[PDB]
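# What the coordinates show
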Amino acid sequence: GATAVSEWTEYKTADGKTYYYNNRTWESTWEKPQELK
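Residues numbered from 1 in each chain as written, not as in the entry; some residues may be left out. Heavy atoms only, no water.

If you check the header, you'll see the entry was determined by solution NMR.

### What to know about unusual backbone geometry
One non-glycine residue, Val5, adopts positive backbone phi at about 70 degrees. Along the chain, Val5 falls in the segment before β1 (8–12). In the Ramachandran plot, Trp26 falls in the positive-phi region, its phi being about 65 degrees despite a non-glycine side chain. Along the chain, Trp26 turns up in the loop between β2 (18–22) and β3 (27–29). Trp26 gets classed as exposed once you look at its relative accessible area, which sits at 68%. (Helix = DSSP H or I, 4+ residues; strand = E, 2+ residues; numbered from the N terminus. Buried < 20%, exposed > 50% of the residue type's maximum accessible area, 1.4 Å probe, protein only.)

### Details of the pairing of β1
As paired strands, β1 and β2 are joined by five bridges and run antiparallel to one another. Across the sheet, the residue bridging to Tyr11 is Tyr19, located in β2. Counting the residues that bridge the hairpin from β1 to β2 gives five residues, and of these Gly16 lies at a positive phi of roughly 90 degrees. (Pairing = 2+ DSSP bridges.)

### Some points on the pattern of salt bridges
What the rule picks out here adds up to four salt bridges. We note a salt bridge from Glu7 to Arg24, for which the minimum N-O separation is 3.4 Å. With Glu7 in the segment before β1 and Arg24 in the loop between β2 and β3, this pair connects stretches of sequence that are 17 residues apart. Judged by its relative accessible area of 37%, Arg24 is partly exposed. Two residues, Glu10 and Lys12, come together in a salt bridge whose shortest N-O distance is 2.7 Å. Exposure remark for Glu10: the relative accessible area of 38% places this residue in the partly exposed category. Accessibility expressed as a relative area gives 53% for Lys12, which makes it exposed. Through salt bridges with shared partners, a single ionic network connects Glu7, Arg24 and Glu35. (Salt bridge = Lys/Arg side-chain N within 4 Å of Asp/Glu carboxyl O.)

This is the structure we're talking about:
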């Protein structure tokens with residue numbers, strides 16, 4: 001579930017694209033999480 005915030009980790013591609021990985025649903029989206037907005 002949630003580690004009480006910070007469940008979304010940023011991962012950058014060499015070209016500088018930031019996709020946010022959420023450990024709650026194992027989701028990797030280019031959308032910016034509300035817990036990190």
